[PDB]
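Report on the structure given below.
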Amino acid sequence: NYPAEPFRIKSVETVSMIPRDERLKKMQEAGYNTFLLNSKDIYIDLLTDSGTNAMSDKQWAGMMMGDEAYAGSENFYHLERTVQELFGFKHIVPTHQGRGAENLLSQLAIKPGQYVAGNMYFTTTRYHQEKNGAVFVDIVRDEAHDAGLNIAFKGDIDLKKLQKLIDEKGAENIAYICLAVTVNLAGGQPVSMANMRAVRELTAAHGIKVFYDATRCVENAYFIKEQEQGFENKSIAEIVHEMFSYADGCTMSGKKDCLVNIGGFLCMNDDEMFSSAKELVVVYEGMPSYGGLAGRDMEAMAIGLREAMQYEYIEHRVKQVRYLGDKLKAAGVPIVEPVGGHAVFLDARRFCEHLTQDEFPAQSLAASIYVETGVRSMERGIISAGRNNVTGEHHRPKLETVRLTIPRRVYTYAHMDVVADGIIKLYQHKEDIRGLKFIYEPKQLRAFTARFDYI
Amino acid sequence: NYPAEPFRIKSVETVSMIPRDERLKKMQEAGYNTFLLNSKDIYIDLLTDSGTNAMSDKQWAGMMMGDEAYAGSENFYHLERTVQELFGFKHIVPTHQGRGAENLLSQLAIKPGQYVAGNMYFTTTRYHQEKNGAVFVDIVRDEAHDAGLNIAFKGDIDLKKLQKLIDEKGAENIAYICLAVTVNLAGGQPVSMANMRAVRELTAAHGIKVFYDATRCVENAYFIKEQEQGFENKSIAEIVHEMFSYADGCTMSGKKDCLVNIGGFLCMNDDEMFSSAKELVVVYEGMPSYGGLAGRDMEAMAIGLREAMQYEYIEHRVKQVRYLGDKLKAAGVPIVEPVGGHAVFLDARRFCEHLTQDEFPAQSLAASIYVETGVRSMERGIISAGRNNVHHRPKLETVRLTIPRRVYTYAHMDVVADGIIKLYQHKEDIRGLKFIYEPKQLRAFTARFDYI
Amino acid sequence: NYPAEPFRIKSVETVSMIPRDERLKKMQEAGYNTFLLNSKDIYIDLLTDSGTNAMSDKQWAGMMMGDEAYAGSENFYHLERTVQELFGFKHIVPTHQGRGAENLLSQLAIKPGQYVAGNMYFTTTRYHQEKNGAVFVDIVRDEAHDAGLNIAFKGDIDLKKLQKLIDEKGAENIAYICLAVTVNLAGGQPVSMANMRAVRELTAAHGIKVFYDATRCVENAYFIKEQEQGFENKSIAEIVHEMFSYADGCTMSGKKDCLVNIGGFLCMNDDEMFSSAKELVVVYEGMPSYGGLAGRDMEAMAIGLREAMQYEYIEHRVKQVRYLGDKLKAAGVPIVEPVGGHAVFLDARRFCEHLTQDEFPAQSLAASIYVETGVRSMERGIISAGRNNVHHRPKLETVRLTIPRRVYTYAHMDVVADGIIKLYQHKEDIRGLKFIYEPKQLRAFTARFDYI
Amino acid sequence: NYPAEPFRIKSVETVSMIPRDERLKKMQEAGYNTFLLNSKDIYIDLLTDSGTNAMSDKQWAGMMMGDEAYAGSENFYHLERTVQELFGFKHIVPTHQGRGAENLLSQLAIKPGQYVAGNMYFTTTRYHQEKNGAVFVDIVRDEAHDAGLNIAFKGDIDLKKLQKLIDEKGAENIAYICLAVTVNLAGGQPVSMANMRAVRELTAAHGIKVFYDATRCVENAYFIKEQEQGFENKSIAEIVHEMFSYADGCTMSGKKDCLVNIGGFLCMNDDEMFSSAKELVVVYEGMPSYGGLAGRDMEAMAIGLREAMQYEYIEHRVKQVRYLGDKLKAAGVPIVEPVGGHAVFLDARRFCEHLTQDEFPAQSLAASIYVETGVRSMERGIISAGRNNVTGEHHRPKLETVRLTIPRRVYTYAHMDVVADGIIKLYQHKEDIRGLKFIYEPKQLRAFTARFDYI
Ligand SMILES: CC1=C(O)/C(=C\N=C(/Cc2ccc(O)c(F)c2)C(=O)O)C(COP(=O)(O)O)=CN1
Ligand SMILES: CC1=C(O)/C(=C\N=C(/Cc2ccc(O)c(F)c2)C(=O)O)C(COP(=O)(O)O)=CN1
Ligand SMILES: CC1=C(O)/C(=C\N=C(/Cc2ccc(O)c(F)c2)C(=O)O)C(COP(=O)(O)O)=CN1
Ligand SMILES: CC1=C(O)/C(=C\N=C(/Cc2ccc(O)c(F)c2)C(=O)O)C(COP(=O)(O)O)=CN1
Ligand SMILES: [K+]
Ligand SMILES: [K+]
Ligand SMILES: [K+]
Ligand SMILES: [K+]
């Protein structure tokens, strides 16, 4: 079932164990917005798995060996050869994080008016595509839009949608296919190796490029080894290397599956695009030999990427998240299924049936979760959806969820029990959860700074 | 039930997940002596809680602020002021670890021929006492020698035994009383504040000194807050400060309850003895301003001692050990009771009743534990007792599962428990061992065995 | 004369002492382009002072206290409060380095077609201005373009040039004034407080904004305390705080005067622009609570900015650079004068007068410097200028010896000086180079050359 | 002449630049005893080269890889194989520092009544020898007792003194020969390889053991490569390995030439003595696999010992000390000659001719040095000599010196100029230096806690 941590604790991080009454005052000061809580006032911070990972002793040893030179740093050569060895790509350009690499790729591979198609989208990835004159097309399988359907590899590309897009618009008007592993918007759902092979075969026949969003590719590789027939004898590294053999490049956020707190990079095989990438990286990030990263951070990301290939680490990572999802599902708590690689999504629509969506149930549930447990979670519903600015009304998503995002190697099963036991107790008196109303609302991105109050 | 860790993991330590077949080869290469296993071949190392603790980010920040000066280091001033504030003693002398402080105290407070009495003994403490011409006398309560008797504060000194020693030998022939908190040999058993208060009252009436072995005094302070009536409203620091108010000094191994990997110190209130301590520390340890420790380590120990005062930390520390003991007891595994603050002791006498004591049951059980789970434990039976005469047979024949602080999780405890529980269901298959290396002095450290 | 380092060495960095014959092979392998040399093959790396600084023990202690949370990190609150205290600005937005802040400001304060005027330009700053539809206008004093003229505060804006721009184009067509302290392209030349005060008076009368390039503002503050009458009794922090009182905001590269290896930020007083900055930072850098930086790096930058305010540190920093410039000038080596705060610029035009500009004298001099001494320097002549049309010929043809902060000693400066002085005594032997790789965009970074 | 530092500064240590008037108040608070000054009030601390060294980035990387296990630590195996490789000894026992190893050796190789002979003595080494029932015999060459005689290898053993001791007392009554490299009491003077060969040849013919005090053996090895004919082509490691080939064991203080802040070890080739050494180390230091050291510190000492073998490091170390001595000698400042490997000794007798020794000129000179420059130095004269307690009078040494001890890789030539320029200015008005009188004097070891005042 659930394996113990395949590591020992080397060093601990001090936290404040403030009681419920103080936590309530902190939440009121934050305007009932978990995004406005201070880190020092949080016991278990499940806001995101991005850049919040715990590094290893080996990584911290590399942090002491930072070659901080502006050009020719040994740390960059270590990072370069590691990615070339594990991912198999020809050229590497480091960036300070994932959206820095997406900014580069979108300016290099998109002519204004072309289409970009992928298995759903991410906010920063789709922004840089649309800012550079592209029109996004969702070609994910229809099953990915059913929150309750428990099936494997929900993130697979629908080959029928891809075939019709090529026929309706033409291969010349398609910039590239953006295949994300895993699919964050669908709940961290993986993509099968068979799907990546079929996508590569169909795109190569029309000369269409394929670039991966490899942000959580290691979690995706474990799902292949666990659930895809024929990969039970292959190591995590062998699966990762085959995944990228069906891609012409990738954007990577090291802050996720590279087990670091900062860092990313951009990969490609084309020499001419790599030449243009080195010219553009100096504008936004830095030299091609550090790309907005300190030398010690390139070293940490190179070591972390190699550590992520260990089967026992990634098995425990995914199964720790699954443990939280299983404990909630066994108690009757409504969650999004299947459980993804990095987070558990509570269905706040069913959790707070007594509240309309205009009362922000996911935002109110997140506030109650913190006060009752000291756990910070992220609202992923109507507040994060924003406002259509042409009309001013709320964007209303089908998913009204609270995201419990698990950083890597930071928490234990006992911490997961604290999260579960508190949510389960809340669910047993879920009728007492009250709604919220705006008291402060910003112009753009309201999820980060809006303030509320009980109705 | 059992609280979650009152901290987050900041950094992790890489371990080798070698399978059982590899572990079997490793144990054979080590000659079935867990003391001879390589650290790199161990998943969960429960050999000792001494110096194996995980430090905090605050402590590691202090590690970057090491003032390595030979005299007048700010790190020493931080350590001195911390101990004076929390322990209440007047003078502090740092030592590289606990037995360095015992060497100093034993040469300063023992006249040849005098008696030293305490609630049981420890190997290093008793050696320096006997090396300096003292005869040890155990004045612990008799119940502390019964592994299965579940009573509170097993480490208390028997006041009747202390009164008889004063009458039979005279107060002039008693060097001092050595009160250890907790009592490691009895299984990490605590001493009540009433016992410390009663001991202070009896010794002061005869002019007899009292020095504490404060190695695990914070674990002792939690047991007082949990189980002694009247201390439920008092903080850990208040209890620690009151504990040492009944002592004339103490020896401390920071490698335990100070949450560090090296370090100790010696405390006292007497000015004249403190003067002699500073003259003797330069012979063995170093200057009184660092005492065999780097500046960064004095800083780490000062910060760790203050972190140990946090109620949530020390509550979780003790209850993680109790979780392992409860899970084993619920399956029928014979252990020493009650569970101490730092370790769970398997009763190898009852675990291997089908084996004679000359068959090294505790040593064979520890070897079997590693092969089955990759967990290293310490033999604490006849092998550790040794042979003065041509075997010493102690009443306690145990295997110690010693838990380092802030290093392992409940899931790691489940690995230990589930493997031992499976081993106990086939305890008839655990065979004895045979001597292969002469027991030169401390045989527990270097002896080799075999049976196949 | 020249003060000793106002600090001790805490830790050292290993270097490779390869002989001249090895360096000659390394330079040939690099194609005589210093930008292509490996760090491991360099003794003294004077390529840039950006991100190459040595941090303090205090900063490394903060590196252990990284609060890596996505929002509400204590490290961000420390950085924000530090900048608000020392710079006096109302709002802070962290960025991963300086050009990240310039990308934000250029999209927020530039309407397409407007003019941006400043005391010369920098490559990354001018790109983001021109990419956002601005036309750059240099309003620095004419003396700043003369490498040999030794006058104080060469970076001052010519108020007459600024007045003519306002009259010829109109204040409505001027986006803002970009005042850099110091002026990197002129050789690290400072700007006087009187000039900043006079600029603020003229721009405010027409409603024109003023934004600083504060990358080396601490070096600029020292020159004011040293050479501007009336500031001899004022501390570095007081001067820095007054400098920014004449600005509406600033872009800062922490990799320079904040004594860190990564990091920057964007400051402003206007609430509405700060709201737009937080919406745009999530697109390129990250959340406004970390802005593309790890928590430990925000903490390191906050501590480094406060360390930069120490008079003894910044005095030694500038005077170590001046020591290198004085030793070269005393031997007759042609340099840019006066010596700036962060680098010494060899005048390759005068150093290699026997060589034409199309022969790449600055590039060939930098290659010869490495082979003779193992010192890497940066070409800052026609190669860095590039070719828009089918070569750009700048008035300054220099080789930059850029000094990282707290990394090297006076003895390292003697190695640089003694080797260049020996090279200058045989400057007739320095030969030209020939293009081998097409100058695709920024040719200074990847072009290769040869002559034998 | 003097080479630049063969390294870059990776990190700096903050110091307080307090002015002269404040420094005077600090010195008065310290009772004019530099031993009582606070570290935070000192610019350049030349009190000792013991444990004050700056570590490298490689060492600090090892500090992140500490295997803190009680037995079988990988760090101990690294340290063990390093010493066996570089020193050539068969068995290694770590100790927390040098005097911990001397405590072990003195209890293992000395029967009560035997003699111990060596090239002068050190305080802690001679104490453990005499505490275990030995009688010390100085067999150094007579030239070592002339402070002004500038000759090479002053620390050599006088073979005539050794031959007469064997004849007058018998080989059975000689515990061992304690050969120290370098000789700290003579001013850091080295021992020639020819002397070590002759000592080994003479002792081996009588079955007498030889144990080295290798505390500063790397500095000693450089002097051999620089000044002993025939070793110009041999590396530092080759010279070190040959030095210990003439010894049966050694005591080592890693706090010196191992480039660490704590640590030591004990070496020997005899299996039976090593067996007894492991039994005795558990009493005083700890297990034979850590010996009173954290795992990270065994790793740092192993890395530092290997770093010390680099010719450029040790050449700069010795020549930085020589630079300070040369600048003082060129200005006419009286110093002890020749300059040793680790310190420059000012001749306070000639520096303060207007003061009698009962006025503590070396102590008063050290106080003036700090007030004028912010440099702490050590008194090495009548105060450190102590009091013959049978009579109560002062011990009066021939040497009345102030020791300027240089930690490794901590200071620059510009720091040496601060020391020199301040002492040179003091020497130009040396008649203004006043004497001191006891106001507080302890029973034993007065150099550490005594307080004074101007006469
Ligand atoms: C599948 C994919 C991502 O998941 C992703 C990031 N994810 C994080 C951070 C995040 C992003 C945007 C928000 O509004 C947000 F509140 C949190 C998250 O929490 O989900 C990026 C971007 O990579 P950078 O973050 O290294 O630039 C690219 N691709
Ligand atoms: C109550 C007390 C201790 O428990 C103790 C040590 N504890 C050890 C380490 C150990 C000691 C001796 C052994 O034969 C042994 F096999 C294990 C242990 O595992 O329990 C010391 C000594 O403190 P030092 O270790 O800091 O010097 C003093 N007092
Ligand atoms: C006055 C100013 C700078 O000097 C500066 C950078 N300085 C560099 C690095 C550099 C930059 C561009 C090059 O083509 C180059 F070859 C070297 C340098 O060496 O001088 C930046 C940008 O700050 P970022 O580097 O933190 O983004 C803004 N303003
Ligand atoms: C030739 C030799 C040494 O020089 C030596 C130490 N020397 C230091 C420290 C010191 C020693 C005694 C003092 O009263 C003193 F004030 C300073 C010094 O400053 O000279 C040791 C001892 O090695 P530990 O210091 O690692 O135990 C053994 N052998
Ligand atoms: K850097
Ligand atoms: K030290
Ligand atoms: K982070
Ligand atoms: K340890």
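Every chain is numbered from 1 and lettered A, B, ... according to where its sequence line falls, protein lines coming before strand lines. Scope of the values below: all heavy atoms of this structure, side chains included, with no hydrogens, waters or symmetry mates.
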Legend entry - Backbone of A/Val282 reached by a side-chain donor or acceptor of C/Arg99 within 3.5 Å: yes

Legend entry - Shortest non-hydrogen contact from B/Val15 toward A/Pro6: CG2-O, 3.3 Å

Legend entry - Distance-only donor-acceptor check, side chains C/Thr14 and D/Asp57, under 3.5 Å: yes

Legend entry - Expected output: side-chain A/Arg376 to main-chain A/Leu47 donor-acceptor under 3.5 Å: no

Legend entry - Nearest-0.5 Å distance, CG of residue A/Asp213 to OG1 of residue A/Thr182: 9.0 Å

Inset, instruction - I would like to know whether A/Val260 and A/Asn53 meet side chain to side chain contact (heavy atoms under 4.5 Å, CB included); could you show each step before the answer? - result: CA-CA 6 Å; A/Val260 287; A/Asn53 313 286; 5.8 Å; no

Inset, instruction - Take A/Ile262 and A/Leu293 through the side chain to side chain contact (heavy atoms under 4.5 Å, CB included) test and state the conclusion after the steps. - result: CA-CA 8 Å; A/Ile262 196 69; A/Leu293 287 175; 4.2 Å; yes

Legend entry - Side-chain touch D/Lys58/A/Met65, heavy atoms, less than 4.5 angstrom: yes

Legend entry - A/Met196 side chain near A/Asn220 side chain, heavy-atom distance below 4.5 Å: yes

Inset, instruction - Report the residues that fulfil salt bridge (charged side-chain N to carboxylate O under 4.0 Å, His left out) with A/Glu68, sequence neighbours left out, ordered by chain and then residue number. - result: A/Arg296

Legend entry - Sub-4.5 Å side-chain heavy-atom contact between A/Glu307 and A/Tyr313: no

Inset, instruction - Write down the atom of C/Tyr70, the atom of A/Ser50, and the distance for their closest heavy-atom approach. - result: CD1-O, 3.9 Å

Inset, instruction - Can you sort out the partners of A/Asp49 under salt bridge (charged side-chain N to carboxylate O under 4.0 Å, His left out), two or more places apart, ordered by chain and number? - result: A/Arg216, A/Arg317, A/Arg408

Inset, instruction - Taking the six-membered ring for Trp and the full ring for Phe, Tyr or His, determine whether the centres of A/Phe244 and A/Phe89 are under 6.0 Å apart. - result: yes

Legend entry - Close side-chain approach of A/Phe274 to A/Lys90, heavy-atom, < 4.5 Å: no

Inset, instruction - With rounding to the nearest 0.5 Å, note down the distance linking CG in C/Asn261 to CD in C/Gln97. - result: 12.0 Å

Inset, instruction - Would you please say whether a donor-acceptor pair under 3.5 Å links the side chains of A/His342 and A/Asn184? - result: yes

Legend entry - A/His96 ring center near A/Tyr290 ring center (under 6.0 Å): no

Inset, instruction - May I ask you to decide if A/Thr412's main-chain N or O and A/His415's side chain share a donor-acceptor pair within less than 3.5 Å? - result: yes

Inset, instruction - Determine the minimum heavy-atom distance between A/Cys258 and A/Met252, stating which atoms define it. - result: SG-CE, 3.5 Å

Legend entry - Smallest separation among heavy atoms of A/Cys267 and A/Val83, with atom names: SG-CG1, 3.6 Å

Inset, instruction - Using atom types as modelled and distance alone, determine if a side-chain donor or acceptor of A/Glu102 lies under 3.5 Å from a backbone N or O of A/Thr125. - result: yes

Inset, instruction - Give a yes or no on whether a salt bridge exists between A/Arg81 and A/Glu85, defined as a side-chain N under 4.0 angstrom from a carboxylate O. - result: no

Inset, instruction - Could you walk me through whether A/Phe122 and A/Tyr127 pass side chain to side chain contact (heavy atoms under 4.5 Å, CB included), step by step? - result: CA-CA 8 Å; A/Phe122 190 74; A/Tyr127 184 94; over 6 Å; no

Legend entry - Side-chain donor-acceptor contact under 3.5 Å, A/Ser253 with A/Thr215: no

Inset, instruction - Under the side chain to side chain contact (heavy atoms under 4.5 Å, CB included) rule, what do B/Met17 and B/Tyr43 come out as? Steps first, then yes or no, please. - result: CA-CA 6 Å; B/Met17 316 276 289; B/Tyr43 177 27; 3.9 Å; yes

Legend entry - Short N-O contact, C/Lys40 and C/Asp45, less than 4.0 angstrom: no

Inset, instruction - Would you give the length of the straight line joining atom CD1 of A/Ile9 to atom OH of B/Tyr408, rounded to the nearest 0.5 angstrom? - result: 10.0 Å

Inset, instruction - Decide whether a cation-pi geometry holds between A/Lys278 and C/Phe445; the criteria are a distance under 6.0 Å from NZ or CZ to the six-membered ring centre and an angle within 45° of the ring axis. - result: no

Inset, instruction - Check whether any side-chain heavy atom of A/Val281 lies under 4.5 Å from a side-chain heavy atom of A/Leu104, and answer yes or no. - result: yes

Inset, instruction - Spell out, as yes or no, whether a donor-acceptor pair under 3.5 Å connects the side chain of A/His128 to the backbone of C/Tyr284. - result: no

Legend entry - C/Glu285 to C/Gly100 - nearest heavy-atom pair and separation: OE2-CA, 3.4 Å

Legend entry - For the student: nearest non-hydrogen atoms of A/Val339 and A/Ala343, plus distance: CG1-O, 3.9 Å

Inset, instruction - Answer yes or no: is there a donor N or O on one side and an acceptor on the other, between the side chain of A/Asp67 and the main chain of A/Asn75, under 3.5 Å? - result: no

Inset, instruction - Give me the ring orientation class for A/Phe211 and A/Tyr176: parallel if the planes are under 30° apart, tilted from 30 to 60°, perpendicular past 60°. - result: perpendicular

Inset, instruction - Check whether any side-chain heavy atom of A/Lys234 sits under 4.5 Å from a side-chain heavy atom of A/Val240, and report yes or no. - result: no

Inset, instruction - Ignoring hydrogens and angles, tell me if any N or O in the side chain of A/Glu228 forms a donor-acceptor pair with the backbone of A/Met193 under 3.5 Å. - result: yes

Inset, instruction - Taking C/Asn38 for its side chain and A/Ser73 for its backbone only, find out whether a donor-acceptor pair lies under 3.5 Å. - result: no

Legend entry - A/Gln59 side chain to A/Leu259 backbone, donor-acceptor under 3.5 Å: yes

Legend entry - A/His316 ring center near A/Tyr413 ring center (under 6.0 Å): yes

Legend entry - From OG1 (A/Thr82) to CZ (A/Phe87), nearest 0.5 Å: 10.5 Å

Legend entry - Heavy-atom check, side chain of B/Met55 versus side chain of B/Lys10, under 4.5 Å: no

Legend entry - Heavy-atom side-chain contact between D/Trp60 and D/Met63 under 4.5 Å: yes

Legend entry - Gap separating the CZ atom of A/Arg306 from the OG atom of A/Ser56, nearest 0.5 angstrom: 12.5 Å

Legend entry - Nearest-0.5 Å distance that lies between atom CG in C/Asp297 and atom CG in A/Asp297: 6.0 Å

Inset, instruction - Spell out, as yes or no, whether a donor-acceptor pair under 3.5 Å connects the side chain of A/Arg8 to the backbone of B/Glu13. - result: no

